[PDB]
>>> print(open('coords.txt').read())   # compact mmCIF, C-alpha atoms
# COMPACT_ATOMS: atom_id res chain seq x y z
CA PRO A 1 115.02 30.98 174.84
CA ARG A 2 115.35 34.57 176.04
CA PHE A 3 113.38 36.82 178.38
CA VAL A 4 111.55 39.58 176.48
CA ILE A 5 109.56 42.50 177.91
CA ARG A 6 106.96 44.74 176.29
CA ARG A 7 106.52 48.48 176.96
CA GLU A 8 104.81 51.29 175.06
CA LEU A 9 105.46 54.75 173.62
CA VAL A 10 103.21 57.76 173.05
CA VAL A 11 103.38 59.42 169.63
CA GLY A 12 104.23 63.12 169.65
CA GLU A 13 105.67 63.05 173.15
CA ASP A 14 108.20 60.32 172.30
CA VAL A 15 108.17 60.09 168.48
CA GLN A 16 107.46 63.13 166.33
CA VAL A 17 105.22 62.56 163.31
CA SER A 18 107.28 63.07 160.17
CA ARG A 19 105.82 64.71 157.07
CA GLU A 20 105.22 62.91 153.80
CA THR A 21 107.39 63.65 150.78
CA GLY A 22 106.18 65.60 147.78
CA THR A 23 103.87 63.19 145.98
CA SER A 24 100.38 62.82 144.56
CA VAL A 25 98.16 60.38 142.73
CA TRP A 26 99.09 60.58 139.05
CA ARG A 27 96.68 62.66 137.00
CA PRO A 28 96.96 63.30 133.24
CA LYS A 29 98.22 66.80 132.48
CA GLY A 30 95.31 69.17 131.91
CA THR A 31 97.70 71.66 130.25
CA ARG A 32 97.24 75.40 130.75
CA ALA A 33 95.84 78.43 128.92
CA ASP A 34 97.30 81.91 128.46
CA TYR A 35 97.12 84.35 125.54
CA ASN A 36 98.21 87.55 127.27
CA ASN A 37 101.53 85.73 127.26
CA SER A 38 103.97 87.71 125.11
CA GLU A 39 105.57 84.62 123.55
CA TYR A 40 102.24 83.54 122.05
CA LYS A 41 101.55 87.20 121.20
CA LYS A 42 104.68 87.05 119.02
CA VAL A 43 104.13 83.49 117.73
CA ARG A 44 100.80 84.63 116.30
CA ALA A 45 102.62 87.52 114.59
CA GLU A 46 105.10 85.07 113.05
CA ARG A 47 102.20 82.93 111.83
CA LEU A 48 100.38 85.92 110.31
CA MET B 1 93.28 88.85 71.74
CA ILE B 2 91.98 90.53 74.91
CA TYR B 3 89.75 88.79 77.45
CA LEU B 4 87.04 91.22 78.62
CA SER B 5 85.72 89.55 81.76
CA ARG B 6 82.98 90.84 84.05
CA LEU B 7 82.15 90.27 87.72
CA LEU B 8 78.83 90.72 89.52
CA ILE B 9 79.78 91.43 93.13
CA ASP B 10 77.26 90.39 95.79
CA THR B 11 77.00 93.44 98.04
CA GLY B 12 74.93 93.58 101.21
CA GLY B 13 71.24 94.22 101.72
CA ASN B 14 71.10 94.12 105.51
CA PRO B 15 73.58 96.05 107.69
CA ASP B 16 73.06 93.56 110.52
CA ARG B 17 74.35 90.38 108.83
CA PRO B 18 77.99 89.91 107.75
CA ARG B 19 78.54 91.29 104.24
CA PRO B 20 82.01 90.18 103.08
CA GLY B 21 81.61 91.65 99.59
CA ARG B 22 81.40 95.28 100.71
CA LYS B 23 84.24 94.80 103.21
CA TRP B 24 86.36 93.29 100.43
CA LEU B 25 85.53 96.18 98.09
CA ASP B 26 86.38 98.70 100.84
CA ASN B 27 90.13 97.99 100.48
CA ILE B 28 91.72 98.28 97.04
CA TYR B 29 94.75 96.13 97.92
CA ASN B 30 92.60 93.12 98.81
CA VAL B 31 90.68 93.61 95.55
CA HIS B 32 93.96 93.59 93.62
CA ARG B 33 95.21 90.50 95.46
CA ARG B 34 91.95 88.62 94.89
CA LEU B 35 91.98 89.53 91.19
CA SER B 36 95.61 88.39 90.90
CA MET B 37 94.70 85.14 92.70
CA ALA B 38 92.83 83.94 89.59
CA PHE B 39 96.07 82.95 87.79
CA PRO B 40 97.53 79.62 88.92
CA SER B 41 100.23 78.51 86.51
CA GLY B 42 100.69 74.75 86.74
CA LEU B 43 101.40 73.99 90.39
CA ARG B 44 98.52 75.40 92.43
CA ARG B 45 95.97 74.14 89.90
CA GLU B 46 97.00 70.47 89.83
CA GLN B 47 98.50 69.81 93.28
CA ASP B 48 95.55 71.24 95.23
CA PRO B 49 92.09 70.98 93.60
CA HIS B 50 90.29 72.88 96.38
CA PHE B 51 92.54 75.91 97.15
CA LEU B 52 93.14 74.63 100.70
CA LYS B 53 96.78 75.70 100.93
CA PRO B 54 98.75 78.60 102.42
CA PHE B 55 99.08 81.50 100.00
CA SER B 56 102.30 81.73 97.98
CA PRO B 57 102.60 84.80 95.71
CA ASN B 58 105.42 83.18 93.70
CA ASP B 59 103.05 80.36 92.66
CA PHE B 60 100.98 82.67 90.43
CA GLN B 61 101.64 84.04 86.96
CA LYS B 62 102.79 87.66 86.80
CA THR B 63 100.40 88.50 83.99
CA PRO B 64 99.68 92.24 83.61
CA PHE B 65 95.98 93.10 83.67
CA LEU B 66 93.65 96.04 84.25
CA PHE B 67 90.39 96.28 86.16
CA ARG B 68 87.79 98.94 86.96
CA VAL B 69 85.15 98.59 89.68
CA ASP B 70 81.98 100.57 88.99
CA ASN B 71 78.18 100.36 88.86
CA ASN B 72 75.59 99.87 86.14
CA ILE B 73 71.82 99.70 85.59
CA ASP B 74 70.65 97.17 83.03
CA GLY B 75 66.88 96.77 83.03
CA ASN B 76 65.47 96.68 86.55
CA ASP B 77 68.34 96.73 89.06
CA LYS B 78 71.67 98.30 89.97
CA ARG B 79 74.69 96.00 89.91
CA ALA B 80 78.27 96.51 91.08
CA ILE B 81 80.62 95.29 88.36
CA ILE B 82 84.37 94.76 88.08
CA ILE B 83 85.38 94.92 84.41
CA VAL B 84 88.72 93.13 84.01
CA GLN B 85 90.88 93.15 80.87
CA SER B 86 93.73 90.66 80.54
CA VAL B 87 95.77 88.87 77.89
CA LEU B 88 95.75 85.45 79.63
CA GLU B 89 92.64 83.35 80.18
CA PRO B 90 91.22 84.15 83.64
CA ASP B 91 90.59 81.16 85.91
CA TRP B 92 87.53 82.38 87.80
CA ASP B 93 86.72 78.77 88.73
CA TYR B 94 89.84 78.58 90.93
CA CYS B 95 89.29 82.06 92.40
CA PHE B 96 85.90 81.87 94.15
CA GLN B 97 85.53 78.10 94.59
CA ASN B 98 85.75 78.70 98.36
CA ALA B 99 84.48 82.29 98.63
CA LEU B 100 81.36 82.08 96.45
CA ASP B 101 79.59 84.35 98.97
CA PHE B 102 81.51 87.22 97.37
CA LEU B 103 79.92 86.86 93.92
CA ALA B 104 76.25 87.19 92.98
CA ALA B 105 76.44 85.62 89.51
CA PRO B 106 78.88 83.32 87.71
CA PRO B 107 81.60 85.23 85.85
CA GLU B 108 81.85 85.71 82.10
CA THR B 109 84.73 85.59 79.61
CA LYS B 110 84.04 87.09 76.17
CA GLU B 111 86.82 87.59 73.64
CA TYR B 112 87.53 91.19 72.57
CA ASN B 113 89.42 91.45 69.26
CA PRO B 114 88.91 94.94 67.79
CA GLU B 115 90.34 95.84 64.37
CA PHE B 116 90.11 99.63 64.54
CA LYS B 117 91.40 102.13 61.98
CA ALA B 118 91.86 105.90 62.18
CA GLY B 119 89.39 108.69 61.52
CA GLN B 120 86.37 106.89 63.00
CA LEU B 121 84.51 108.39 65.96
CA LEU B 122 84.46 106.16 69.04
CA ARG B 123 83.16 106.64 72.58
CA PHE B 124 84.99 105.77 75.78
CA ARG B 125 84.83 105.75 79.57
CA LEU B 126 87.91 105.37 81.77
CA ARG B 127 89.09 105.99 85.32
CA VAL B 128 92.51 107.64 85.58
CA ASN B 129 95.01 108.60 88.26
CA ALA B 130 95.48 112.33 88.72
CA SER B 131 98.97 112.60 90.25
CA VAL B 132 101.80 114.86 89.11
CA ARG B 133 105.38 115.11 90.36
CA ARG B 134 106.29 118.58 91.62
CA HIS B 135 109.78 119.53 90.43
CA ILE B 136 109.78 121.98 93.35
CA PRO B 137 108.66 119.82 96.29
CA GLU B 138 107.52 121.60 99.44
CA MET B 139 109.35 120.65 102.62
CA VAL B 140 108.14 118.21 105.27
CA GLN B 141 106.24 120.85 107.33
CA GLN B 142 106.87 119.48 110.81
CA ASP B 143 103.50 120.23 112.38
CA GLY B 144 104.92 121.72 115.58
CA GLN B 145 106.42 124.60 113.57
CA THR B 146 105.13 123.94 110.00
CA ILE B 147 108.31 125.16 108.29
CA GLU B 148 110.66 122.27 107.34
CA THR B 149 112.35 119.12 108.57
CA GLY B 150 114.20 118.45 105.33
CA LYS B 151 114.21 120.45 102.11
CA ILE B 152 113.29 118.37 99.03
CA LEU B 153 110.93 115.36 98.90
CA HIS B 154 110.10 114.45 95.29
CA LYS B 155 106.61 113.02 95.74
CA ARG B 156 103.62 112.17 93.54
CA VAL B 157 101.10 114.42 95.20
CA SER B 158 98.10 115.94 93.36
CA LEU B 159 96.97 117.54 90.11
CA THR B 160 96.08 121.12 91.06
CA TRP B 161 94.03 123.27 88.67
CA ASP B 162 94.63 126.94 89.57
CA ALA B 163 92.01 128.68 91.73
CA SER B 164 88.90 129.48 89.65
CA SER B 165 89.49 127.07 86.76
CA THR B 166 86.87 124.39 86.22
CA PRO B 167 87.98 120.83 87.06
CA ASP B 168 86.46 119.08 84.04
CA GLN B 169 88.11 121.36 81.47
CA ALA B 170 91.44 121.09 83.31
CA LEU B 171 91.26 117.29 83.28
CA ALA B 172 90.25 117.39 79.61
CA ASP B 173 93.26 119.48 78.58
CA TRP B 174 95.55 117.40 80.81
CA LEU B 175 94.40 114.29 78.95
CA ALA B 176 94.60 116.01 75.55
CA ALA B 177 98.19 117.06 76.28
CA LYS B 178 99.31 113.42 76.23
CA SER B 179 96.65 112.33 73.72
CA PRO B 180 98.81 112.93 70.57
CA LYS B 181 101.41 110.51 71.94
CA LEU B 182 98.68 107.94 72.60
CA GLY B 183 96.80 108.85 69.43
CA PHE B 184 93.29 110.18 70.07
CA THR B 185 91.50 113.54 70.28
CA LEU B 186 88.87 114.78 72.74
CA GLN B 187 86.02 117.19 72.06
CA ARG B 188 83.42 116.77 74.84
CA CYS B 189 85.28 115.14 77.73
CA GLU B 190 83.39 115.40 81.02
CA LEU B 191 84.15 114.62 84.66
CA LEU B 192 81.80 112.47 86.75
CA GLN B 193 83.68 111.29 89.86
CA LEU B 194 86.66 113.06 91.42
CA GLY B 195 87.88 111.78 94.76
CA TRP B 196 90.26 109.46 96.56
CA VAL B 197 90.72 105.72 96.99
CA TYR B 198 92.49 104.14 99.95
CA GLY B 199 94.43 100.98 100.72
CA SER B 200 96.92 99.41 103.11
CA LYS B 201 99.87 97.12 102.34
CA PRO B 202 101.47 94.77 104.90
CA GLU B 203 105.16 95.32 103.93
CA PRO B 204 106.74 93.04 106.58
CA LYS B 205 109.66 94.27 108.69
CA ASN B 206 111.93 92.61 111.26
CA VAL B 207 112.35 93.35 114.98
CA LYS B 208 114.25 90.48 116.62
CA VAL B 209 116.31 87.51 115.41
CA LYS B 210 115.78 83.90 116.46
CA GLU B 211 117.86 82.06 119.04
CA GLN B 212 118.87 79.49 116.40
CA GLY B 213 118.02 80.90 112.97
CA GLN B 214 117.01 83.85 110.80
CA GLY B 215 115.02 86.82 112.06
CA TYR B 216 111.77 84.85 112.28
CA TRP B 217 110.54 86.83 115.30
CA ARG B 218 109.40 89.37 112.67
CA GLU B 219 105.96 90.98 112.58
CA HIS B 220 103.83 92.90 110.08
CA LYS B 221 104.00 96.67 109.70
CA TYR B 222 101.33 98.51 107.69
CA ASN B 223 101.90 101.14 104.99
CA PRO B 224 98.78 103.09 103.94
CA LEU B 225 98.18 104.13 100.34
CA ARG B 226 96.12 107.01 98.97
CA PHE B 227 95.27 107.72 95.33
CA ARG B 228 93.62 110.71 93.71
CA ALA B 229 91.01 109.46 91.26
CA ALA B 230 89.08 110.83 88.30
CA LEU B 231 86.44 109.13 86.16
CA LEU B 232 85.82 110.59 82.72
CA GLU B 233 83.93 109.66 79.56
CA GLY B 234 83.11 111.13 76.17
CA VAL B 235 84.14 110.47 72.57
CA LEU B 236 87.60 110.02 71.06
CA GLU B 237 88.75 110.33 67.44
CA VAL B 238 91.23 107.67 66.33
CA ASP B 239 94.58 108.65 64.82
CA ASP B 240 97.68 106.49 64.05
CA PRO B 241 95.96 103.14 64.79
CA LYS B 242 99.24 101.36 65.62
CA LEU B 243 99.64 103.29 68.89
CA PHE B 244 96.00 103.06 70.00
CA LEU B 245 96.28 99.26 70.18
CA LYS B 246 99.27 99.66 72.51
CA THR B 247 97.33 102.10 74.70
CA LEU B 248 94.36 99.71 74.76
CA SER B 249 96.59 96.77 75.74
CA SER B 250 98.59 98.79 78.31
CA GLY B 251 96.32 101.42 79.83
CA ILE B 252 96.65 105.13 80.61
CA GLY B 253 97.81 105.94 84.12
CA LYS B 254 100.49 105.52 86.75
CA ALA B 255 98.67 103.14 89.15
CA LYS B 256 97.63 100.38 86.75
CA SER B 257 97.60 97.80 89.57
CA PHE B 258 95.11 99.85 91.63
CA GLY B 259 92.11 100.28 89.34
CA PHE B 260 93.12 103.27 87.22
CA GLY B 261 94.16 102.70 83.63
CA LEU B 262 91.62 100.47 81.89
CA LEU B 263 90.04 102.09 78.84
CA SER B 264 86.80 100.68 77.42
CA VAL B 265 86.02 101.76 73.86
CA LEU B 266 82.78 101.25 71.92
CA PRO B 267 81.86 102.06 68.31
CA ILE B 268 79.69 105.07 67.53
>>> encode(input="coords.txt", output="structure tokens")
Amino acid sequence: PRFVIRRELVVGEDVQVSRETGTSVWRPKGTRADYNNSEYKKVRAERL
Amino acid sequence: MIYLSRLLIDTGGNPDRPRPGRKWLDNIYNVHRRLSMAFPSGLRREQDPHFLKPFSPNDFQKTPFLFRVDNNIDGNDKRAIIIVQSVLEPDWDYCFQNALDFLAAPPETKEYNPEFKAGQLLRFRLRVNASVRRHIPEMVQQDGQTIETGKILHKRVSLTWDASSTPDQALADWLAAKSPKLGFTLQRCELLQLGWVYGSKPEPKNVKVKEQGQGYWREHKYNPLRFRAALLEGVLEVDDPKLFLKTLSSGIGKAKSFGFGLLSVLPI
């Protein structure tokens, strides 16, 4: 056996809340949309 | 052995609905390209039966042909026609199988084999180009000063007929000047239409080269085209019948791929 004691701590005063890492629930990529873009403005010229 | 085909273009009838026929007829270059599209040799006809492929100009026969777009009145209506003369059989089935909105009636192919001798009066109606080359070309006339940028620019420009000379007689003598070489004679040539036709060619250029290949970052420029035009009819007297067949099979003009040149001859 061994003698064990129990105390308490207050969060914020004693332990600072850390911030979560960069993460999210996985969502399928909804892509994007942009025509003004010059690269597409030249890709269409190549196609024509 | 000359195929004298005929088109019946479906023009508009309401300037509030799309009318692709008139828009197509507005540009001469698109008319020429569409007319040349009716000649698939052996590859475009058999590989694709529905013309659902990207356009390749090298896949079509380079068969010379003439065409005149005009108007006629038969019995009760006015029709826009495109009379096309060619030495190869025209494949109109392959031409408008997807763009049948352009045409009002199915096309026709009737053989034209004339055996014509000399000394017989015949009537005609042709549209000709009216450009001459000035051996003294005027300078560029930079519009800020209107004097000169360069000096000499040999250019096909215009047929000018003095100041007070009549245009029809001038065109008649201009045609009769080259008529002995071709082999006919004019007596009552008249002028009906005298104006301009317009077009625009792509003529691709290059601006920037790829990061891994040829200059495929290229784009399309646009080169405009203008043509002075005359339409004239009358009667011609046949001489030296060997040459007249060559003129009939070749055409009279300098813009034979842009309407002018086709000569249609009928017996008296």
>>> residues_around(input="coords.txt", residues="stretch 37-45 of chain A", least_positions_apart="4", cutoff="12 Å", atoms="all atoms listed in the file", output="list in words")
residues 32 and 33 of chain A; 204, 205, 206, 207, 208, 210, 216, 217, 218, 219, 220 and 221 of chain B
>>> atom_distance(input="coords.txt", atom1="atom CA of residue B:245", atom2="atom CA of residue B:74")
28.7 Å
>>> atom_distance(input="coords.txt", atom1="atom CA of residue B:155", atom2="atom CA of residue B:130")
13.2 Å
>>> closest_residue(input="coords.txt", among="B:73, B:66, B:234, B:124", to="residue B:172", atoms="only C-alpha atoms")
B:234
>>> closest_residue(input="coords.txt", among="B:17, B:94, B:2, B:235", to="residue B:35", atoms="all atoms listed in the file")
B:94
>>> closest_residue(input="coords.txt", among="B:175, B:88, B:209, B:225", to="chain A", atoms="all atoms listed in the file")
B:209
>>> atom_distance(input="coords.txt", atom1="atom CA of residue B:118", atom2="atom CA of residue B:233")
19.5 Å
>>> closest_residue(input="coords.txt", among="B:9, B:157, B:177, B:189", to="residue B:228", atoms="only C-alpha atoms")
B:157
>>> residues_around(input="coords.txt", residues="residue B:249", least_positions_apart="4", cutoff="10 Å", atoms="only C-alpha atoms", output="ChimeraX atom specification")
/B:1-2,64-66,85-87,243-245,262-263
>>> write_last_selection(input="coords.txt", atoms="C-alpha atoms", output="PDB file, keeping the file's coordinate frame")
ATOM      1  CA  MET B   1      93.280  88.850  71.740  1.00  0.00           C
ATOM      2  CA  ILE B   2      91.980  90.530  74.910  1.00  0.00           C
ATOM      3  CA  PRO B  64      99.680  92.240  83.610  1.00  0.00           C
ATOM      4  CA  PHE B  65      95.980  93.100  83.670  1.00  0.00           C
ATOM      5  CA  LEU B  66      93.650  96.040  84.250  1.00  0.00           C
ATOM      6  CA  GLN B  85      90.880  93.150  80.870  1.00  0.00           C
ATOM      7  CA  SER B  86      93.730  90.660  80.540  1.00  0.00           C
ATOM      8  CA  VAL B  87      95.770  88.870  77.890  1.00  0.00           C
ATOM      9  CA  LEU B 243      99.640 103.290  68.890  1.00  0.00           C
ATOM     10  CA  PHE B 244      96.000 103.060  70.000  1.00  0.00           C
ATOM     11  CA  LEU B 245      96.280  99.260  70.180  1.00  0.00           C
ATOM     12  CA  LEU B 262      91.620 100.470  81.890  1.00  0.00           C
ATOM     13  CA  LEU B 263      90.040 102.090  78.840  1.00  0.00           C
TER      14      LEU B 263
END
>>> closest_residue(input="coords.txt", among="B:49, B:137, B:259, B:54", to="chain A", atoms="all atoms listed in the file")
B:54
>>> residues_around(input="coords.txt", residues="residue B:107", least_positions_apart="6", cutoff="8 Å", atoms="only C-alpha atoms", output="PyMOL selection string")
chain B and resi 5-8+92
>>> residues_near_point(input="coords.txt", point="(98.7, 119.4, 87.7)", cutoff="8 Å", atoms="only C-alpha atoms", output="list in words")
residues 130, 131, 132, 158, 159, 160, 161 and 174 of chain B
>>> residues_around(input="coords.txt", residues="residue B:227", least_positions_apart="6", cutoff="12 Å", atoms="only C-alpha atoms", output="PyMOL selection string")
chain B and resi 28-29+127-132+156-159+194-200+253-260
>>> decode(input="coords.txt", residues="stretch 180-215 of chain B", atoms="N, CA and C atoms", output="PDB file, in the first residue's frame")
ATOM      1  N   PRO B 180     -10.890  39.018-126.532  1.00  0.00           N
ATOM      2  CA  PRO B 180     -10.271  38.224-127.612  1.00  0.00           C
ATOM      3  C   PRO B 180      -9.374  37.104-127.115  1.00  0.00           C
ATOM      4  N   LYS B 181      -8.689  37.295-125.985  1.00  0.00           N
ATOM      5  CA  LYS B 181      -7.922  36.202-125.397  1.00  0.00           C
ATOM      6  C   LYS B 181      -8.840  35.079-124.929  1.00  0.00           C
ATOM      7  N   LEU B 182      -9.954  35.430-124.286  1.00  0.00           N
ATOM      8  CA  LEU B 182     -10.909  34.415-123.854  1.00  0.00           C
ATOM      9  C   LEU B 182     -11.709  33.868-125.031  1.00  0.00           C
ATOM     10  N   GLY B 183     -12.171  34.743-125.922  1.00  0.00           N
ATOM     11  CA  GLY B 183     -12.779  34.287-127.157  1.00  0.00           C
ATOM     12  C   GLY B 183     -14.245  34.615-127.365  1.00  0.00           C
ATOM     13  N   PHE B 184     -14.722  35.741-126.840  1.00  0.00           N
ATOM     14  CA  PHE B 184     -16.088  36.173-127.102  1.00  0.00           C
ATOM     15  C   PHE B 184     -16.100  37.658-127.453  1.00  0.00           C
ATOM     16  N   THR B 185     -17.283  38.155-127.809  1.00  0.00           N
ATOM     17  CA  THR B 185     -17.473  39.549-128.185  1.00  0.00           C
ATOM     18  C   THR B 185     -18.760  40.067-127.559  1.00  0.00           C
ATOM     19  N   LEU B 186     -18.730  41.316-127.105  1.00  0.00           N
ATOM     20  CA  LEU B 186     -19.850  41.933-126.408  1.00  0.00           C
ATOM     21  C   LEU B 186     -20.450  43.041-127.262  1.00  0.00           C
ATOM     22  N   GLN B 187     -21.776  43.183-127.204  1.00  0.00           N
ATOM     23  CA  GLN B 187     -22.434  44.232-127.975  1.00  0.00           C
ATOM     24  C   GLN B 187     -23.386  45.073-127.127  1.00  0.00           C
ATOM     25  N   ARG B 188     -24.013  44.478-126.116  1.00  0.00           N
ATOM     26  CA  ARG B 188     -24.963  45.198-125.267  1.00  0.00           C
ATOM     27  C   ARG B 188     -24.761  44.824-123.802  1.00  0.00           C
ATOM     28  N   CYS B 189     -23.504  44.802-123.365  1.00  0.00           N
ATOM     29  CA  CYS B 189     -23.207  44.558-121.960  1.00  0.00           C
ATOM     30  C   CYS B 189     -23.754  45.684-121.089  1.00  0.00           C
ATOM     31  N   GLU B 190     -24.335  45.310-119.950  1.00  0.00           N
ATOM     32  CA  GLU B 190     -24.936  46.260-119.027  1.00  0.00           C
ATOM     33  C   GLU B 190     -24.514  45.933-117.603  1.00  0.00           C
ATOM     34  N   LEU B 191     -24.532  46.950-116.747  1.00  0.00           N
ATOM     35  CA  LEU B 191     -24.140  46.818-115.351  1.00  0.00           C
ATOM     36  C   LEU B 191     -25.377  46.903-114.469  1.00  0.00           C
ATOM     37  N   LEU B 192     -25.512  45.951-113.544  1.00  0.00           N
ATOM     38  CA  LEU B 192     -26.651  45.897-112.637  1.00  0.00           C
ATOM     39  C   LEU B 192     -26.257  46.238-111.207  1.00  0.00           C
ATOM     40  N   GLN B 193     -25.282  45.531-110.648  1.00  0.00           N
ATOM     41  CA  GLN B 193     -24.818  45.756-109.288  1.00  0.00           C
ATOM     42  C   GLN B 193     -23.347  46.132-109.324  1.00  0.00           C
ATOM     43  N   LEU B 194     -22.985  47.180-108.592  1.00  0.00           N
ATOM     44  CA  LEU B 194     -21.595  47.608-108.478  1.00  0.00           C
ATOM     45  C   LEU B 194     -21.370  48.048-107.041  1.00  0.00           C
ATOM     46  N   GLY B 195     -20.603  47.277-106.296  1.00  0.00           N
ATOM     47  CA  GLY B 195     -20.419  47.545-104.882  1.00  0.00           C
ATOM     48  C   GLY B 195     -19.215  46.855-104.298  1.00  0.00           C
ATOM     49  N   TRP B 196     -19.334  46.462-103.032  1.00  0.00           N
ATOM     50  CA  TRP B 196     -18.261  45.795-102.313  1.00  0.00           C
ATOM     51  C   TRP B 196     -18.803  44.589-101.564  1.00  0.00           C
ATOM     52  N   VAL B 197     -17.946  43.585-101.399  1.00  0.00           N
ATOM     53  CA  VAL B 197     -18.217  42.465-100.509  1.00  0.00           C
ATOM     54  C   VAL B 197     -17.096  42.406 -99.480  1.00  0.00           C
ATOM     55  N   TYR B 198     -17.410  41.830 -98.321  1.00  0.00           N
ATOM     56  CA  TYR B 198     -16.545  41.904 -97.155  1.00  0.00           C
ATOM     57  C   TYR B 198     -16.381  40.524 -96.535  1.00  0.00           C
ATOM     58  N   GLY B 199     -15.238  40.320 -95.887  1.00  0.00           N
ATOM     59  CA  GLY B 199     -14.952  39.061 -95.226  1.00  0.00           C
ATOM     60  C   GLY B 199     -13.885  39.251 -94.171  1.00  0.00           C
ATOM     61  N   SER B 200     -13.589  38.169 -93.457  1.00  0.00           N
ATOM     62  CA  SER B 200     -12.583  38.210 -92.398  1.00  0.00           C
ATOM     63  C   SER B 200     -11.980  36.825 -92.231  1.00  0.00           C
ATOM     64  N   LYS B 201     -10.656  36.728 -92.364  1.00  0.00           N
ATOM     65  CA  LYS B 201      -9.940  35.467 -92.217  1.00  0.00           C
ATOM     66  C   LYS B 201      -9.261  35.389 -90.856  1.00  0.00           C
ATOM     67  N   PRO B 202      -9.199  34.197 -90.246  1.00  0.00           N
ATOM     68  CA  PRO B 202      -8.531  34.067 -88.943  1.00  0.00           C
ATOM     69  C   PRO B 202      -7.037  34.357 -88.995  1.00  0.00           C
ATOM     70  N   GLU B 203      -6.289  33.617 -89.831  1.00  0.00           N
ATOM     71  CA  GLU B 203      -4.844  33.769 -90.000  1.00  0.00           C
ATOM     72  C   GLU B 203      -4.122  33.722 -88.657  1.00  0.00           C
ATOM     73  N   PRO B 204      -3.997  32.546 -88.037  1.00  0.00           N
ATOM     74  CA  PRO B 204      -3.443  32.476 -86.678  1.00  0.00           C
ATOM     75  C   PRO B 204      -1.994  32.941 -86.602  1.00  0.00           C
ATOM     76  N   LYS B 205      -1.669  33.581 -85.484  1.00  0.00           N
ATOM     77  CA  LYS B 205      -0.329  34.045 -85.152  1.00  0.00           C
ATOM     78  C   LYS B 205       0.134  33.333 -83.882  1.00  0.00           C
ATOM     79  N   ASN B 206       1.287  33.751 -83.361  1.00  0.00           N
ATOM     80  CA  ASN B 206       1.819  33.218 -82.115  1.00  0.00           C
ATOM     81  C   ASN B 206       2.306  34.362 -81.236  1.00  0.00           C
ATOM     82  N   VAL B 207       2.120  34.206 -79.924  1.00  0.00           N
ATOM     83  CA  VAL B 207       2.449  35.236 -78.947  1.00  0.00           C
ATOM     84  C   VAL B 207       3.444  34.730 -77.903  1.00  0.00           C
ATOM     85  N   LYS B 208       3.238  33.514 -77.400  1.00  0.00           N
ATOM     86  CA  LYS B 208       4.060  32.987 -76.321  1.00  0.00           C
ATOM     87  C   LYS B 208       4.233  31.488 -76.529  1.00  0.00           C
ATOM     88  N   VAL B 209       5.399  30.970 -76.136  1.00  0.00           N
ATOM     89  CA  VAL B 209       5.728  29.559 -76.303  1.00  0.00           C
ATOM     90  C   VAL B 209       5.467  28.816 -75.000  1.00  0.00           C
ATOM     91  N   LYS B 210       5.162  27.524 -75.124  1.00  0.00           N
ATOM     92  CA  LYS B 210       4.817  26.689 -73.981  1.00  0.00           C
ATOM     93  C   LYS B 210       6.015  26.495 -73.056  1.00  0.00           C
ATOM     94  N   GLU B 211       5.720  26.053 -71.835  1.00  0.00           N
ATOM     95  CA  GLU B 211       6.763  25.720 -70.875  1.00  0.00           C
ATOM     96  C   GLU B 211       7.419  24.377 -71.167  1.00  0.00           C
ATOM     97  N   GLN B 212       6.816  23.550 -72.026  1.00  0.00           N
ATOM     98  CA  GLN B 212       7.378  22.245 -72.340  1.00  0.00           C
ATOM     99  C   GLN B 212       7.263  21.853 -73.806  1.00  0.00           C
ATOM    100  N   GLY B 213       6.778  22.719 -74.676  1.00  0.00           N
ATOM    101  CA  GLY B 213       6.580  22.358 -76.067  1.00  0.00           C
ATOM    102  C   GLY B 213       6.592  23.539 -77.013  1.00  0.00           C
ATOM    103  N   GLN B 214       5.910  23.368 -78.145  1.00  0.00           N
ATOM    104  CA  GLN B 214       5.840  24.381 -79.189  1.00  0.00           C
ATOM    105  C   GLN B 214       5.047  25.593 -78.702  1.00  0.00           C
ATOM    106  N   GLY B 215       4.992  26.632 -79.533  1.00  0.00           N
ATOM    107  CA  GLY B 215       4.250  27.821 -79.166  1.00  0.00           C
ATOM    108  C   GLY B 215       2.749  27.619 -79.210  1.00  0.00           C
TER     109      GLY B 215
END
